[PDB]
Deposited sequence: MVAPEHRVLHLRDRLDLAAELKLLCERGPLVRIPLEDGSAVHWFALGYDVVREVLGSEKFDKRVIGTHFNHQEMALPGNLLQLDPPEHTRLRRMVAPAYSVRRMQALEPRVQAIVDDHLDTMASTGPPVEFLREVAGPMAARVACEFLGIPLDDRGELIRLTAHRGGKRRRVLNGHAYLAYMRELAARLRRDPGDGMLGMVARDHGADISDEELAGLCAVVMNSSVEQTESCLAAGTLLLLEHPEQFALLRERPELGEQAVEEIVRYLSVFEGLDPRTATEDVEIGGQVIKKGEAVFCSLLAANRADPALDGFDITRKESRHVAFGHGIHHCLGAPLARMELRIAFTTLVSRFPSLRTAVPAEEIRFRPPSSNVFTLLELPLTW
């Protein structure tokens, strides 16, 4: 379903806009007759689907990893998520905040030292996101360089080690509070999701979000003058970018009414976060002074991003510190020359971001 990933730079491509004109829920019978698919394109309908108990995340023919919450349905999903959820409480993010600020400052220190220009994605955003993830996980300091490199069995041995001798961070918390109830492979899988796909989403928000701010220089400056706008800005940035563009299909376990339409048992629904966040032209222009941003960039319901508290805090700290420390930041090429990754279900990202100051 490539149309769900068609963009014009950061905006929707005309072909996807035309699809969205077909209403918030679009029936897609497959030409070969093999299945009936549905596209959920509107904010309300996406929330209807994602909050419903009448869908599962089955594999459909139209890698399974231990500890990967996104591939579990209740009740195992509920069991595992309950064990790990406390690593993201407000108490946990509050304690982590100054250490994340310091890691952000470390990386802007490196940026300030190497001097301009920099390829911001590879040299700043990536390392920053990976280092914050290590700190959140409580990876032993001696292992962080190697873990980040390998990320680009080891994970299990790392989990086995840091477990039998608990430490700090999410991994230490889970092992200490639920040691017997979680295997080394499951703990490794929890780590892998944080270090791999989560860093991908976060790094892409950091780099493409920086571009977006630079493309709206009045708002770049506004965030420097009014850093209390940071939480609002992050909501508007994750909405506008929609770096996680489309979700894994939800298969109806019984006939179910969605958006006034009957989705039949066994039919698969594809939720477009991109369309839901961007296809309403009323409130689409980028504006960090919006006090409340309407979006589903982190999903909704039982699979709502477990990392959203960390992501929101890390992005707020990063964007606010960046605009403060580099008031003269600009793209080192015209924005129209920036390359974006071609249509894919992979994370939406730019390919490089040359910046100067």
Quiz prompt | Sequence ranges absent from the coordinates, based on the deposited chain and numbered from 1 | solution = 1-5, 68-73, 164-179
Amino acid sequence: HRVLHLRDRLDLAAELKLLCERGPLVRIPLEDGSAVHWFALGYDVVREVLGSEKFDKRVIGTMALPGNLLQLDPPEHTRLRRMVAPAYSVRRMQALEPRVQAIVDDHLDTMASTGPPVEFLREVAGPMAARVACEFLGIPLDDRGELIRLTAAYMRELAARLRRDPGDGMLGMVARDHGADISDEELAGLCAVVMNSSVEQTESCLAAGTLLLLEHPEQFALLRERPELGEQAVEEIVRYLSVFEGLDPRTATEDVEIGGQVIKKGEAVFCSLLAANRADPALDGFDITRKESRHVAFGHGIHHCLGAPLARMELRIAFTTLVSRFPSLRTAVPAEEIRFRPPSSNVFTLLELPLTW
From here on, numbers count along this sequence of modelled residues.
Quiz item: For the C-alpha atoms alone, is the average B factor greater in 160-168 or in 77-85, going by the entry?
Solution: 160-168
Quiz prompt | Per the entry, higher mean C-alpha B factor between 298-306 and 285-293 | solution = 285-293
Quiz item: Taking the values straight from the PDB record, which of 235, 142, 200, 245 has the highest C-alpha temperature factor?
Solution: 142
Quiz item: Quick one: which of 101, 71, 210, 151 has the biggest Cα B-factor according to the entry?
Solution: 151
Self-check item: Third of the chain, ranked by Cα B-factor, where residue 272 sits
Solution: lowest
Practice problem: Sort the modelled residues of this chain by their C-alpha B factor and say whether residue 129 lands in the lowest, middle or highest third. | Solution: lowest
Exercise. Quick one: classify residue 24 as lowest, middle or highest third of the chain based on its Cα B-factor.
Key: middle
Practice problem: Quick one: classify residue 215 as lowest, middle or highest third of the chain based on its Cα B-factor. | Solution: middle
Quiz item: If you rank every modelled residue in this chain by C-alpha B factor, which third holds residue 335: lowest, middle or highest?
Solution: highest
